[PDB]
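Chemist: Take a look at the following structure, please.
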Amino acid sequence: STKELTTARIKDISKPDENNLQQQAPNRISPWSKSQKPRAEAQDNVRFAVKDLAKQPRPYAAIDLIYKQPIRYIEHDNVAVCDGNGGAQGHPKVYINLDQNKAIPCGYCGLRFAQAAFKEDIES
Amino acid sequence: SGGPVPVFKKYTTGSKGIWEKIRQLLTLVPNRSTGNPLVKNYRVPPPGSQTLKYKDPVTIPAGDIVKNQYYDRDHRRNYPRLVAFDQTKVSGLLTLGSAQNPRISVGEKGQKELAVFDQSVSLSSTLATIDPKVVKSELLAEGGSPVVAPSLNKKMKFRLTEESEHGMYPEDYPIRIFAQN
Amino acid sequence: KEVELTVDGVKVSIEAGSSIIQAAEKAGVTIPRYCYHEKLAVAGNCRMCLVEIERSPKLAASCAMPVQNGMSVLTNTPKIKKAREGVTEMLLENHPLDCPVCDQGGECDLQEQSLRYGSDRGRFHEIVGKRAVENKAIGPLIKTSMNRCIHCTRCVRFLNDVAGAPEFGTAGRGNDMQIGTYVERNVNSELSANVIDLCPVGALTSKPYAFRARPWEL
Amino acid sequence: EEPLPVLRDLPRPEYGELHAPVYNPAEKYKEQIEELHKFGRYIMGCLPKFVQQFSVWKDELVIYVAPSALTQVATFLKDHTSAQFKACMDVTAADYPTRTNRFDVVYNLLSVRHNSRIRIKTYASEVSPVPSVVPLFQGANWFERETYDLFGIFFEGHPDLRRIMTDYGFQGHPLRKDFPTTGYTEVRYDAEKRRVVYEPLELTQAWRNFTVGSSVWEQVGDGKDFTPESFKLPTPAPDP
Amino acid sequence: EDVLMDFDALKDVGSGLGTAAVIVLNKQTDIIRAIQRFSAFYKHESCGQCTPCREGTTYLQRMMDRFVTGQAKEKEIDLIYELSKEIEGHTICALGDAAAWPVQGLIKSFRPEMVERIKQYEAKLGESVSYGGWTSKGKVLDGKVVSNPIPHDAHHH
Amino acid sequence: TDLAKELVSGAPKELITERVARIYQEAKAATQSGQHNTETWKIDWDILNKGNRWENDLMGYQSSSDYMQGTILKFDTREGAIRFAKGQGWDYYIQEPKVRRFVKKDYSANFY
Ligand code: SF4
Ligand code: SF4
Ligand code: SF4
Ligand code: FES
Ligand SMILES: [K+]
Ligand SMILES: [Zn+2]
């Protein structure tokens with residue numbers, strides 16, 4: 001409708017089509033940043049007149065992939081430790097407080113951590 | 001000494017059997033290598049497949065968790081200061097001496113002499129009226145001998161060597177070899 | 001009323017009752033500081049400004065110690081260098097490794113003063129980990145990352161004395177002390193955003209400006 | 001006839017916790033510092049009329065002279081038996097717009113005789129002349145040409161002074177501090193004129209000034225004093 | 001054996017007569033755990049305004065917890081001693097000084113007993129422990145440190 | 001001083017008849033307590049009213065035509081900056097640095 005293709009939204013109101021070349025990403029229709037130029041507007045340029053849009057680089061949207069990861073629930077501890085699950089090949093190790101009654105993501109990886117006592121509240 | 005080395009002691013691919021005997025007969029210098037690296041020895045474990053477990057090397061005095069105050073090894077902030085000697089300060093050092101060999105009066109009588117060199121004092125005037133033994137002992141060296149330009153490395157000597165030692169071209173070639181001595 | 005004191009062999013003269021850190025600035029001697037600001041009330045909770053009084057067996061905080069006539073102040077002895085490295089190590093003990101994701105990166109006083117006066121290496125290898133503090137919500141202007149706070153009370157002093165907003169304070173005791181409003185509310189002040197400039201670390205940052213630039217670019 | 005050993009399989013030494021000395025690198029120059037102080041003072045004593053001042057930093061000696069004294073000092077440092085600096089390894093300049101005389105003209109001399117190096121410093125403005133040491137050192141011909149090309153310093157007495165680095169007809173002296181790093185113009189091929197032409201500079205991406213991110217705190221202190229004890233003004237003895 | 005109760009006689013021997021509170025310790029007691037209790041006391045009783053004692057007492061408490069079990073190294077005995085020096089003389093009040101002496105008292109006269117715990121602890125774990133209580137297999141996975149004995153001694157709760 | 005050194009510098013005439021330079025001492029940043037950057041006098045040029053910055057459509061680059069946009073001279077004294085600006089025949093103006101008023105500050109004032 002060209003409104004979902006040119007406006008930043010938290011979620012796509014429809015199912016992304018992997019074969020649609022007007023989407024921002026193969027797995028996401030709408031852009032994920034307010035300053036991110038829409039792909040449909042970008043491809044409407046004189047330099048795409050005789051160019052095949054299918055072979056252009058279209059990496060998957062990282063925002064949709066990170067939220068497919070289940071929340072890590074910590075038992076008998078209010079602090080979560082994350083370093084990228086790689087150690088020396090990850091990110092600097094940081095400590096996440098889990099006192100609040102919600103899942104709190106990592107500052108680097110985006111993995112979300114929470115206490116098991118809040119599992120019922122978060123899922124609903 | 002890097003004398004001649006047999007071909008089989010060099011890490012290059014060589015000949016075998018009859019073809020090795022033929023090579024020795026036909027080659028002018030049979031101990032020379034073909035220059036082809038050994039496929040079974042050279043770079044056989046590639047750098048990306050090394051089994052060595054690397055560890056960061058740390059020295060004890062400067063890389064330990066104890067007795068390792070940083071200011072004890074902070075050489076960057078303990079750099080030598082930049083000091084320039086003009087003709088006024090050189091005249092003061094010549095007239096009053098140095099702190100190593102003081103020649104300045106004591107007490108308030110000595111501070112009068114120091115305050116003289118707080119303004120412009122020409123060195124030529126200082127040299128004109130001064131005891132000549134001071135110049136021969138402070139400005140000059142060894143009782144009046146001129147001050148030679150100091151060497152950047154006092155251990156930079158040389159000695160002429162012959163072919164039997166350095167192994168380079170014989171004496172009929174127009175170059176010579178100097179050792180450390 | 002002027003008193004002729006000495007700071008590293010430099011004659012200084014300021015009004016009676018002036019702090020040593022004020023006389024040092026007039027003499028051209030730089031003393032590191034976190035909790036001292038020339039517009040806020042005097043606090044001595046950061047201990048980064050410690051200097052050595054000539055005839056005294058105790059180290060005095062230059063931001064709070066009044067000046068006396070004939071006082072001689074040393075600010076660069078090895079004893080003070082030990083104090084600066086020791087205080088820096090304590091500040092960075094529980095500080096989160098957040099510089100890449102922290103908006104104070106290129107304009108951080110904790111970074112610059114740790115580089116200038118602290119050691120080049122840390123010794124915190126504890127497996128228990130650092131302190132973790134939840135982020136307080138105080139409105140849409142001030143973004144809070146309270147892991148990065150060094151408990152310097154610049155925000156508390158400013159909002160209570162200068163801004164006149166007493167809803168911001170320090171709650172708790174010891175290592176569990178947390179800056180904030182205790183209850184879930186916002187800071188109501190037309191001058192509240194000046195707390196972002198006063199905060200020397202990334203604990204309090206601009207929310208509209210978050211993540212958009214680094215100071216060296218501007 | 002024996003096979004060559006596998007260097008990978010050869011045993012390697014085992015090392016415990018390594019140790020290393022911790023000392024100031026300036027300590028190894030203690031002999032060089034004092035000797036250069038004496039030699040630098042000897043030159044001032046020999047030439048009080050020309051040597052304004054001298055300085056010593058580790059193993060580098062610098063002599064400061066006026067432009068009218070450059071020829072005499074260089075001649076002395078070249079022909080004196082105690083200081084035979086026959087080789088002039090470099091002639092360069094530096095721009096200091098703050099001072100009345102912008103440019104410091106620097107001469108680095110080498111004495112293969114005594115294995116020593118010395119430095120001569122003079123000053124110049126945009127219009128003041130500097131004597132050419134080409135008659136003394138023929139190797140300074142190109143260095144003085146390069147200094148003029150990048151700074152504009154007037155070398156009086158140079159047999160052939162002209163550009164050596166910039167394009168023919170270049171306007172400006174690049175190494176001056178007021179000269180922009182990207183210059184003023186750029187070149188391209190004009191199809192209409194069938195030749196390469198100069199056009200005013202326009203950058204598709206302007207150079208980004210990240211130097212404004214310099215630290216707001218001083219990084220190095222006042223340093224440590226390494227003046228030889230034989231070159232400090234003495235302190236008089238106290239009261240009786 | 002020859003201590004006289006005075007503000008000076010006890011000062012000479014390296015101690016102090018604060019409130020005459022004499023605490024007797026027989027040989028059948030955990031001396032390191034007793035001193036560890038003092039460190040945990042001052043961490044909880046720290047008012048927490050100055051940087052040293054707010055952070056040092058927590059730093060001392062974390063290190064003393066590994067000493068009571070032996071999950072540390074012998075060189076770290078000098079590390080904790082240095083950390084106590086960084087607390088003394090750099091605080092507004094005397095609680096920072098009061099939180100460093102008990103640790104130093106353990107090190108001064110009872111250092112061999114602290115080394116014994118480290119030697120004994122390595123026997124159970126087999127491989128020696130690295131700095132901070134880490135092993136050769138300990139790594140962080142999914143929000144926690146696994147494959148490593150963690151000193152869960154922070155009052156739980 | 002009176003010498004018109006711009007006749008031999010080689011710089012284009014637009015630096016004199018079209019550009020304005022500012023002689024200033026950098027103000028202390030509000031986010032930091034350091035004052036090292038305020039100890040030196042600097043000279044920069046006012047931006048061009050047009051063409052100072054424009055967006056390149058191919059990649060979003062910041063295009064410019066001002067060749068002095070990235071030039072900032074450093075001086076140790078105010079007099080040196082004025083003497084150099086006068087020597088080059090530049091049209092300039094001086095921004096006098098703001099000086100902080102001294103007020104006594106003691107811990108006793110927290111209660112009195
Ligand atoms: S406040 Fe400073 S030290 Fe802390 S994370 Fe941010 S930039 Fe790094
Ligand atoms: S939040 Fe910032 S200003 Fe407030 S006490 Fe902590 S470091 Fe200081
Ligand atoms: S040393 Fe005293 S005043 Fe300072 S934080 Fe500790 S208990 Fe509070
Ligand atoms: S600046 Fe003085 S103790 Fe904080
Ligand atoms: K801030
Ligand atoms: Zn992570």
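By convention here, the chains of the structure tokens are called A, B, ... in the order presented, each chain's residues are numbered starting at 1, and ligands are numbered starting at 1 in the order presented.
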Using only C-alpha atoms and all ligand atoms, which residues of the polymer chains come no farther than 7 Å from ligand 5? I'd like the answer as number ranges by chain.

Modeler: C: 104, 196-205; F: 31

Chemist: Take the residues from that selection and put them in a file with N, CA, C and O atoms, as a CSV table (one decimal), in the first residue's frame.

Modeler:
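Final file, part_21.csv:
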chain,number,residue,atom,x,y,z
C,104,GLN,N,28.9,9.2,26.4
C,104,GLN,CA,29.9,10.1,26.9
C,104,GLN,C,31.3,9.7,26.4
C,104,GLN,O,32.3,10.4,26.9
C,196,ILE,N,22.5,16.7,32.8
C,196,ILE,CA,23.2,15.9,31.8
C,196,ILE,C,24.7,16.4,31.6
C,196,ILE,O,25.6,15.7,31.6
C,197,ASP,N,24.8,17.8,31.5
C,197,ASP,CA,26.2,18.3,31.4
C,197,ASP,C,27.0,18.1,32.7
C,197,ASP,O,28.2,17.8,32.6
C,198,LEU,N,26.4,18.2,33.9
C,198,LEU,CA,27.1,18.1,35.1
C,198,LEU,C,27.5,16.7,35.4
C,198,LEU,O,28.6,16.5,36.0
C,199,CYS,N,26.7,15.7,35.0
C,199,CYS,CA,27.1,14.3,35.1
C,199,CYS,C,28.4,14.0,34.4
C,199,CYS,O,28.4,14.0,33.1
C,200,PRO,N,29.5,13.7,35.1
C,200,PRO,CA,30.8,13.5,34.3
C,200,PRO,C,30.8,12.2,33.6
C,200,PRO,O,31.7,12.0,32.7
C,201,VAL,N,29.9,11.3,33.8
C,201,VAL,CA,29.9,10.0,33.2
C,201,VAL,C,28.6,9.8,32.4
C,201,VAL,O,27.8,10.7,32.3
C,202,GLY,N,28.4,8.6,31.8
C,202,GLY,CA,27.3,8.3,31.0
C,202,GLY,C,26.0,7.9,31.8
C,202,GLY,O,25.1,7.4,31.1
C,203,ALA,N,26.0,8.1,33.1
C,203,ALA,CA,24.8,7.7,33.9
C,203,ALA,C,23.6,8.5,33.5
C,203,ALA,O,22.5,8.0,33.4
C,204,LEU,N,23.8,9.8,33.3
C,204,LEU,CA,22.7,10.7,32.8
C,204,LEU,C,23.1,11.3,31.5
C,204,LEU,O,24.2,12.0,31.4
C,205,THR,N,22.3,11.1,30.4
C,205,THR,CA,22.6,11.5,29.1
C,205,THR,C,21.4,12.0,28.5
C,205,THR,O,20.2,11.8,28.9
F,31,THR,N,30.6,19.9,29.2
F,31,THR,CA,30.5,18.5,29.6
F,31,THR,C,31.7,18.0,30.3
F,31,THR,O,31.8,16.9,30.7

Chemist: Report as a tab-separated table the residues of chain E within 12 Å of ligand 6, each with its shortest atom pair and distance in Å (one decimal), using only C-alpha atoms and all ligand atoms, ordered by chain and increasing residue number.

Modeler:
residue	atom	partner	partner_atom_place_in_ligand_line	distance
E:140	CA	ligand 6	1 (Zn)	10.3
E:141	CA	ligand 6	1 (Zn)	10.0
E:142	CA	ligand 6	1 (Zn)	8.9
E:143	CA	ligand 6	1 (Zn)	8.6
E:144	CA	ligand 6	1 (Zn)	11.5

Chemist: Could the residues in this selection be saved with N, CA, C and O atoms as a PDB file, in the first residue's frame?

Modeler:
ATOM      1  N   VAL E 140      31.071 -17.928  30.329  1.00  0.00           N
ATOM      2  CA  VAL E 140      29.735 -17.381  30.526  1.00  0.00           C
ATOM      3  C   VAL E 140      28.823 -17.874  29.411  1.00  0.00           C
ATOM      4  O   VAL E 140      29.153 -17.750  28.226  1.00  0.00           O
ATOM      5  N   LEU E 141      27.676 -18.438  29.788  1.00  0.00           N
ATOM      6  CA  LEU E 141      26.699 -18.935  28.824  1.00  0.00           C
ATOM      7  C   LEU E 141      25.300 -18.542  29.269  1.00  0.00           C
ATOM      8  O   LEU E 141      24.874 -18.905  30.370  1.00  0.00           O
ATOM      9  N   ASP E 142      24.589 -17.814  28.405  1.00  0.00           N
ATOM     10  CA  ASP E 142      23.164 -17.520  28.582  1.00  0.00           C
ATOM     11  C   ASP E 142      22.870 -16.868  29.932  1.00  0.00           C
ATOM     12  O   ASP E 142      21.927 -17.240  30.633  1.00  0.00           O
ATOM     13  N   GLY E 143      23.684 -15.886  30.302  1.00  0.00           N
ATOM     14  CA  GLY E 143      23.414 -15.082  31.474  1.00  0.00           C
ATOM     15  C   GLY E 143      24.056 -15.537  32.765  1.00  0.00           C
ATOM     16  O   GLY E 143      23.718 -14.993  33.822  1.00  0.00           O
ATOM     17  N   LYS E 144      24.966 -16.507  32.722  1.00  0.00           N
ATOM     18  CA  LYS E 144      25.563 -17.022  33.946  1.00  0.00           C
ATOM     19  C   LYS E 144      26.917 -17.638  33.631  1.00  0.00           C
ATOM     20  O   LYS E 144      27.206 -18.002  32.489  1.00  0.00           O
TER      21      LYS E 144
END

Chemist: Could you write out as a compact mmCIF listing (two decimals) with N, CA and C atoms, in the first residue's frame the residues of chain B within 7 Å of chain D, counting only C-alpha atoms?

Modeler:
# COMPACT_ATOMS: atom_id res chain seq x y z
N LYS B 9 71.64 -30.86 2.67
CA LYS B 9 71.40 -30.16 3.92
C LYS B 9 70.57 -28.89 3.74
N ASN B 41 58.08 -30.25 3.69
CA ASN B 41 58.60 -29.55 4.86
C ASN B 41 58.21 -28.07 4.91
N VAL B 58 54.04 -11.54 29.49
CA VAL B 58 54.06 -10.41 30.41
C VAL B 58 55.29 -10.53 31.30
N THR B 59 56.02 -9.43 31.45
CA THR B 59 57.13 -9.38 32.39
C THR B 59 56.61 -9.11 33.80
N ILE B 60 57.40 -9.49 34.79
CA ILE B 60 56.98 -9.39 36.19
C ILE B 60 57.04 -7.95 36.69
N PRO B 61 58.17 -7.24 36.57
CA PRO B 61 58.23 -5.89 37.17
C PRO B 61 57.19 -4.92 36.62
N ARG B 73 57.04 3.21 36.51
CA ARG B 73 57.43 2.89 35.14
C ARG B 73 56.89 3.89 34.13
N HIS B 75 57.68 6.33 32.12
CA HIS B 75 58.82 7.00 31.50
C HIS B 75 58.37 8.14 30.59
N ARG B 77 56.02 10.44 31.02
CA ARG B 77 55.82 11.68 31.76
C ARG B 77 57.05 12.09 32.55
N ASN B 78 58.12 11.30 32.52
CA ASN B 78 59.40 11.65 33.12
C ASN B 78 60.43 11.96 32.05
N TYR B 79 59.98 12.56 30.95
CA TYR B 79 60.85 12.89 29.84
C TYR B 79 61.84 13.99 30.25
N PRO B 80 63.01 14.04 29.62
CA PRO B 80 63.95 15.13 29.90
C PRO B 80 63.36 16.48 29.50
N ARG B 81 63.59 17.48 30.34
CA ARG B 81 63.13 18.82 30.05
C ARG B 81 64.06 19.49 29.04
N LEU B 82 63.50 20.44 28.29
CA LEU B 82 64.24 21.18 27.28
C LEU B 82 64.86 22.42 27.92
N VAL B 83 66.19 22.47 27.94
CA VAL B 83 66.93 23.57 28.54
C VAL B 83 67.84 24.17 27.48
N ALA B 84 67.78 25.49 27.33
CA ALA B 84 68.61 26.21 26.39
C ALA B 84 69.58 27.12 27.14
N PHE B 85 70.84 27.09 26.74
CA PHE B 85 71.90 27.87 27.38
C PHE B 85 72.24 29.05 26.48
N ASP B 86 71.94 30.26 26.95
CA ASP B 86 72.32 31.47 26.24
C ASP B 86 73.66 31.97 26.77
N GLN B 87 74.15 33.07 26.19
CA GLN B 87 75.44 33.61 26.60
C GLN B 87 75.42 34.15 28.02
N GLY B 92 77.55 32.99 33.48
CA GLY B 92 77.38 32.68 34.89
C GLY B 92 78.06 31.38 35.29
N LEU B 93 77.93 30.34 34.46
CA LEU B 93 78.63 29.09 34.73
C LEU B 93 80.14 29.27 34.66
N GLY B 97 81.24 29.33 38.35
CA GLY B 97 81.39 27.90 38.39
C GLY B 97 80.05 27.19 38.26
N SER B 98 80.09 25.88 38.45
CA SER B 98 78.90 25.04 38.42
C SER B 98 78.57 24.55 39.82
N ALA B 99 77.41 23.90 39.94
CA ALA B 99 77.04 23.28 41.20
C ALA B 99 77.93 22.09 41.54
N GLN B 100 78.57 21.50 40.53
CA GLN B 100 79.51 20.41 40.77
C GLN B 100 80.83 20.91 41.34
N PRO B 102 81.55 24.41 42.86
CA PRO B 102 81.14 25.78 43.19
C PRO B 102 82.33 26.72 43.31
N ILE B 104 81.37 30.25 44.01
CA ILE B 104 80.54 31.40 44.33
C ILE B 104 80.61 31.64 45.83
N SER B 105 80.68 32.92 46.22
CA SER B 105 80.79 33.28 47.62
C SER B 105 79.54 32.83 48.39
N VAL B 106 79.66 32.86 49.71
CA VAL B 106 78.62 32.33 50.59
C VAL B 106 77.70 33.45 51.05
N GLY B 107 76.52 33.06 51.52
CA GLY B 107 75.57 33.97 52.14
C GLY B 107 75.05 35.04 51.20
N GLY B 110 76.99 35.95 48.14
CA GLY B 110 76.88 35.10 46.97
C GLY B 110 75.65 35.36 46.13
N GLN B 111 74.56 35.81 46.77
CA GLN B 111 73.34 36.11 46.02
C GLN B 111 73.46 37.40 45.22
N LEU B 123 79.03 37.07 26.64
CA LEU B 123 80.11 36.14 26.92
C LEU B 123 81.46 36.69 26.49
N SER B 124 81.48 37.51 25.43
CA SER B 124 82.74 38.10 24.98
C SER B 124 83.34 39.01 26.04
N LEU B 139 86.00 26.05 29.83
CA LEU B 139 85.61 26.15 28.43
C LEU B 139 86.42 25.19 27.57
N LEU B 140 87.73 25.12 27.82
CA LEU B 140 88.60 24.19 27.12
C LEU B 140 88.81 22.94 27.97
N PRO B 146 91.44 21.80 22.39
CA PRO B 146 90.08 22.06 21.91
C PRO B 146 89.15 20.89 22.19
N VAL B 147 87.87 21.21 22.33
CA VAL B 147 86.84 20.21 22.61
C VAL B 147 86.45 19.55 21.29
N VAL B 148 86.81 18.28 21.14
CA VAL B 148 86.48 17.54 19.93
C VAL B 148 85.00 17.17 19.95
N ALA B 149 84.40 17.08 18.77
CA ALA B 149 83.00 16.70 18.67
C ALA B 149 82.80 15.30 19.24
N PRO B 150 81.87 15.11 20.17
CA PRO B 150 81.72 13.79 20.80
C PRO B 150 81.13 12.77 19.85
N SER B 151 81.61 11.54 19.96
CA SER B 151 81.15 10.47 19.10
C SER B 151 79.76 9.99 19.52
N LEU B 152 78.96 9.60 18.53
CA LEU B 152 77.65 9.01 18.81
C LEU B 152 77.76 7.59 19.33

Chemist: Show me, as a ChimeraX atom specification, every residue of chain F with an atom at most 9 Å from chain D, counting only C-alpha atoms.

Modeler: /F:5,8-12,28-29,32-38,53,55-56,60-81,83-84

Chemist: Could you tell me, counting only C-alpha atoms and all ligand atoms, which protein and nucleic acid residues lie no more than 10 Å from ligand 2, written as a VMD selection string?

Modeler: chain C and resid 34 to 36 45 to 46 110 144 to 159 168 to 170 178 to 180 195 to 205

Chemist: Identify every residue of chain F that has at least one atom within 6 Å of any atom of chain C, counting only C-alpha atoms, and report the result as a list in words.

Modeler: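 The contacting residues on chain F are residues 30, 31, 104, 105, 106 and 107 of chain F.
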
Chemist: Could the residues in this selection be written to a file with N, CA and C atoms, as a compact mmCIF listing (two decimals), in the first residue's frame?

Modeler:
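Ended up saving to result34.txt:
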# COMPACT_ATOMS: atom_id res chain seq x y z
N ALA F 30 31.03 22.49 28.30
CA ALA F 30 30.13 22.33 29.43
C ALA F 30 30.06 20.91 29.95
N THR F 31 30.55 19.93 29.19
CA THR F 31 30.49 18.53 29.59
C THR F 31 31.75 18.04 30.29
N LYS F 104 34.71 32.74 46.53
CA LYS F 104 35.26 31.85 47.54
C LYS F 104 34.34 30.66 47.76
N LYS F 105 34.94 29.48 47.94
CA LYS F 105 34.18 28.24 48.10
C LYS F 105 34.82 27.42 49.20
N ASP F 106 34.06 27.17 50.27
CA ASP F 106 34.55 26.40 51.41
C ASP F 106 33.45 25.46 51.89
N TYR F 107 33.87 24.39 52.56
CA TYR F 107 32.92 23.40 53.05
C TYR F 107 32.05 23.96 54.17

Chemist: Mind running chain A against ligand 1 at 12 Å and telling me each contacting residue's nearest atom pair with the distance in Å (one decimal), counting only C-alpha atoms and all ligand atoms, chain and number ascending, as a tab-separated table?

Modeler:
residue	atom	partner	partner_atom_place_in_ligand_line	distance
A:92	CA	ligand 1	5 (S)	11.2
A:94	CA	ligand 1	5 (S)	10.6
A:107	CA	ligand 1	5 (S)	11.7

Chemist: Quick one: write out the picked residues with N, CA, C and O atoms as a JSON list (two decimals), in the first residue's frame?

Modeler:
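Below you can see result.json, which holds the result:
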[["chain", "number", "residue", "atom", "x", "y", "z"],
["A", 92, "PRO", "N", 32.41, -7.02, 24.78],
["A", 92, "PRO", "CA", 32.82, -6.80, 26.17],
["A", 92, "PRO", "C", 31.76, -7.27, 27.15],
["A", 92, "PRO", "O", 30.57, -7.06, 26.96],
["A", 94, "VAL", "N", 29.30, -7.55, 30.09],
["A", 94, "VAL", "CA", 28.49, -6.59, 30.83],
["A", 94, "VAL", "C", 27.52, -7.34, 31.73],
["A", 94, "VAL", "O", 27.19, -8.50, 31.50],
["A", 107, "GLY", "N", 23.13, -4.99, 25.92],
["A", 107, "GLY", "CA", 23.51, -3.76, 25.25],
["A", 107, "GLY", "C", 24.24, -3.96, 23.94],
["A", 107, "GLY", "O", 24.34, -3.02, 23.14]]

Chemist: Compute the set of protein, DNA and RNA residues whose minimum atom distance to ligand 3 is at most 9 Å, using only C-alpha atoms and all ligand atoms, and state it as a PyMOL selection string.

Modeler: (chain C and resi 44-45+173-174) or (chain E and resi 42-43+45-55+57+87+90-97)

Chemist: Return the single residue from B:175, B:7, B:66, B:116 that is closest to residue 34 (chain B), with distances computed using only C-alpha atoms.

Modeler: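 Answer, going by the shortest atom-to-atom distance: B:7.
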
Chemist: What is the distance, in Å and to one decimal place, between CA of residue 178 (chain B) and CA of residue 4 (chain B)?

Modeler: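 Those two atoms sit 22.0 Å apart.
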
Chemist: Name the closest residue to chain F among the candidates A:95, A:17, A:42, A:34; distances are taken between atoms, counting only C-alpha atoms.

Modeler: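 So, comparing all the options, the nearest one is A:42.
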
Chemist: Residues near residue 14 (chain B), anyone? I mean within 10 Å using only C-alpha atoms, not counting same-chain ones fewer than 6 positions away, as a list in words.

Modeler: residues 7, 8, 20, 23, 32, 33, 34, 35, 36, 37 and 38 of chain B

Chemist: Would you save the residues from that selection as a compact mmCIF listing (two decimals), in the first residue's frame, using C-alpha atoms?

Modeler:
# COMPACT_ATOMS: atom_id res chain seq x y z
CA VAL B 7 72.91 -29.81 -1.27
CA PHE B 8 71.06 -32.39 0.84
CA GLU B 20 71.35 -37.31 -8.87
CA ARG B 23 73.38 -33.81 -11.91
CA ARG B 32 73.86 -25.62 -5.14
CA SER B 33 70.13 -25.98 -4.51
CA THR B 34 67.41 -25.82 -7.16
CA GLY B 35 65.47 -23.30 -5.05
CA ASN B 36 62.19 -25.24 -5.08
CA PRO B 37 60.90 -25.47 -1.48
CA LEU B 38 60.30 -28.92 -0.04

Chemist: Please run DSSP on the backbone and report, as a PyMOL selection string, all residues within chain E that come out as alpha helix (DSSP H).

Modeler: chain E and resi 9-12+31-45+51-69+76-85+95-98+101-125

Chemist: Counting only C-alpha atoms, which residues from chain C have an atom at most 8 Å from any atom of chain A, and could you show them as a PyMOL selection string?

Modeler: chain C and resi 96-98+101+129-134

Chemist: Deliver the residues from the most recent selection as a file, using N, CA, C and O atoms, as an mmCIF file, in the first residue's frame.

Modeler:
data_model
loop_
_atom_site.group_PDB
_atom_site.id
_atom_site.type_symbol
_atom_site.label_atom_id
_atom_site.label_comp_id
_atom_site.auth_asym_id
_atom_site.auth_seq_id
_atom_site.Cartn_x
_atom_site.Cartn_y
_atom_site.Cartn_z
ATOM 1 N N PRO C 96 30.736 -0.419 34.469
ATOM 2 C CA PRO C 96 30.498 -1.330 33.347
ATOM 3 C C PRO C 96 31.363 -0.987 32.146
ATOM 4 O O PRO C 96 31.666 0.178 31.877
ATOM 5 N N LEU C 97 31.753 -2.029 31.412
ATOM 6 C CA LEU C 97 32.497 -1.870 30.163
ATOM 7 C C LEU C 97 31.511 -1.448 29.077
ATOM 8 O O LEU C 97 31.059 -2.243 28.249
ATOM 9 N N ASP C 98 31.172 -0.159 29.084
ATOM 10 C CA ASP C 98 30.128 0.366 28.219
ATOM 11 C C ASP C 98 30.587 1.465 27.271
ATOM 12 O O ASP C 98 29.751 1.994 26.532
ATOM 13 N N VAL C 101 29.139 1.727 23.704
ATOM 14 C CA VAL C 101 27.699 1.948 23.622
ATOM 15 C C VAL C 101 27.251 3.128 24.477
ATOM 16 O O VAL C 101 26.048 3.328 24.670
ATOM 17 N N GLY C 129 31.448 -10.856 39.814
ATOM 18 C CA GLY C 129 31.008 -9.845 38.872
ATOM 19 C C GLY C 129 30.870 -8.475 39.507
ATOM 20 O O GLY C 129 31.106 -8.267 40.701
ATOM 21 N N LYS C 130 30.476 -7.524 38.667
ATOM 22 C CA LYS C 130 30.289 -6.142 39.076
ATOM 23 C C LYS C 130 28.877 -5.925 39.613
ATOM 24 O O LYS C 130 27.997 -6.779 39.496
ATOM 25 N N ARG C 131 28.671 -4.758 40.217
ATOM 26 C CA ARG C 131 27.339 -4.369 40.656
ATOM 27 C C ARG C 131 26.457 -4.053 39.454
ATOM 28 O O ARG C 131 26.907 -3.455 38.473
ATOM 29 N N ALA C 132 25.194 -4.462 39.531
ATOM 30 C CA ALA C 132 24.205 -4.167 38.504
ATOM 31 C C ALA C 132 23.090 -3.338 39.121
ATOM 32 O O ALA C 132 22.552 -3.698 40.174
ATOM 33 N N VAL C 133 22.748 -2.231 38.467
ATOM 34 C CA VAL C 133 21.748 -1.293 38.959
ATOM 35 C C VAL C 133 20.714 -1.077 37.864
ATOM 36 O O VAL C 133 21.071 -0.842 36.705
ATOM 37 N N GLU C 134 19.438 -1.159 38.229
ATOM 38 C CA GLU C 134 18.375 -0.932 37.263
ATOM 39 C C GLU C 134 18.286 0.547 36.901
ATOM 40 O O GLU C 134 18.688 1.425 37.668
#

Chemist: Could you give me, as an NGL selection string, each residue of region 106-202 of chain C that DSSP assigns to strand (DSSP E or B) when run on this structure's backbone?

Modeler: :C and (142-144 or 169-171 or 178-180)
